[PDB]
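In structure tokens, one chain follows: the form deposited in one PDB entry.
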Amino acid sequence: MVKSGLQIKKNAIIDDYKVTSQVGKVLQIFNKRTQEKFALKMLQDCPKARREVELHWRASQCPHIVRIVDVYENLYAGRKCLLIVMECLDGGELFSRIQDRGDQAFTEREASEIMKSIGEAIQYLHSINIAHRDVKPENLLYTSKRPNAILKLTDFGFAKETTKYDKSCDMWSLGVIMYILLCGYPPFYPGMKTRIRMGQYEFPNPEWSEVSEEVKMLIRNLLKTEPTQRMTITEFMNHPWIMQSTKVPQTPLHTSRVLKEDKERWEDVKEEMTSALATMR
């Protein structure tokens, strides 16, 4: 129940890690004692930088959040820097994995399982009254390239402590990610297909025809316009579909085929989500 506080080391990082002065693109480095590989984490020391690291430190323990190993305050070309050491995440981004399946065969069940992984992260946070506020594709990365790897949430660069409705956009993000997992495109309104005509019903049939109302209902609750009426993390993780993924139909989703078809738009998807987030926060 009692966890230790953040200790930012002051001593030069290269006493501890092989870096080789090739040193915010993220770098692979090596612990000298253990010779293990890690990632790093280079920020501009600033009040804000510190609050995020703090918040991230309070969450590192969560199995579905990228762990901080060590933090250094060092001078890089006489710029005060936070160097943040974290475990390597070589698995890539959640949706890239899905898109690159050779057979292109993703199931409702797999979607359920993923969403539980992500839910867990958000539950850890929300219950210690932190809000992530930047839950999107680029921030969901896998440990290893392997089939049985683990999902970790990243970028605490919009986190903050939440004495309520700040948590709401974490849930709106859940809504969006869930929806994309289920069909391959976001629930947002040349050369390619239009997936959701403007103003039309939120679950188009080509890809949503075999998804149950139960699951459409869960999604409508996460995307609820009014935060006063949007699903909470407690409600989410208590929902049957999340709670019991093993009983979730292995419904063949269109997701992997669509992400491949609409690959040119992915930058655009991510940008529309990022824009949207800045108005929702």
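In this text, the rigid core denotes the largest set of C-alpha atoms whose superposition between the two forms falls within 1.5 Å. Residue numbers here begin at 1 and follow the sequence given.
**Q** Check this for me: in at least a third of the other entries compared, is residue 103 absent while its neighbours are modelled?
**A** Looking at the other entries that model residues on either side of it, residue 103 is missing from at least a third.
**Q** Counting only other entries that model residues on either side of residue 191, is it left out in at least a third?
**A** Yes, residue 191 lacks coordinates in at least a third of the other compared entries that model both of its neighbours.
**Q** In this entry, is the chain continuous from residue 163 to residue 164, or are deposited residues missing in between (none, 1 to 3, 4 to 9, 10 or more)?
**A** 10 or more residues are missing.
**Q** Mind giving me a quick count class for deposited residues absent from the model between residue 189 and residue 190? Options are none, 1 to 3, 4 to 9, 10 or more.
**A** According to the record, 4 to 9 deposited residues lack coordinates from residue 189 to residue 190.
**Q** So 93 to 101 or 179 to 187, which one's hotter by mean CA B-factor in the entry?
**A** Looking at the recorded C-alpha B-factors, 93 to 101 comes out higher on average.
**Q** Which wins on mean Cα temperature factor, 78 to 86 or 201 to 209?
**A** It is 78 to 86 that shows the higher mean C-alpha B-factor.
**Q** Looking at 41, 56, 64, 224, which has the highest Cα B-factor in the entry?
**A** When the deposited C-alpha B-factors of 41, 56, 64, 224 are compared, 41 is largest.
**Q** Going by the CA temperature factor in the entry, name the top one among 26, 237, 253, 217.
**A** Top of the list by C-alpha B-factor: 26.
**Q** Should residue 33 be placed in the lowest, middle or highest third of its chain by the C-alpha B factor in the entry?
**A** Highest third, going by the recorded CA B-factors of the chain.
**Q** Rank-wise, by C-alpha B-factor, drop residue 136 into the lowest, middle or highest third of its chain.
**A** Tercile = middle for this residue's CA B-factor.
**Q** So where's residue 19 on the chain's Cα temperature factor ranking, which third?
**A** Tercile = highest for this residue's CA B-factor.
**Q** Pull the Cα B-factor of residue 150 out of the PDB entry and bin it into the chain's lowest, middle or highest third.
**A** It belongs to the middle third of the chain when residues are ordered by C-alpha B-factor.
**Q** Relative to the other modelled residues in the chain, which third contains the C-alpha temperature factor of residue 115: lowest, middle or highest?
**A** For residue 115, whose C-alpha B-factor we compare with every modelled residue in the chain, the answer is the lowest third.
One more form of this protein, deposited in another entry, exists but is not displayed; see below.
**Q** Superposing on the rigid core, does the Cα of residue 106 end up 2 Å or more away between the shown form and the other one?
**A** Residue 106 C-alpha, core-superposed: shift of 2 Å or more.
**Q** Is there a C-alpha shift of 2 Å or more at residue 196 between the shown form and the other one once the rigid core is superposed?
**A** Yes; residue 196 is a residue whose C-alpha shifts (by 2 Å or more) between the shown form and the other one when the cores are overlaid.
**Q** Distance change of 3 Å or more between the C-alpha atoms of residue 208 and residue 196 in the other entry: closer or farther compared with this structure?
**A** The answer is farther, because the C-alphas of residue 208 and residue 196 separate from each other in the other entry by 3 Å or more.
**Q** Look at the CA atoms of residue 176 and residue 201: state whether they lie closer or farther apart in the other entry than in this form, given a difference of 3 Å or more.
**A** It is closer: in the other entry, the C-alpha atoms of residue 176 and residue 201 lie at least 3 Å nearer than they do here.
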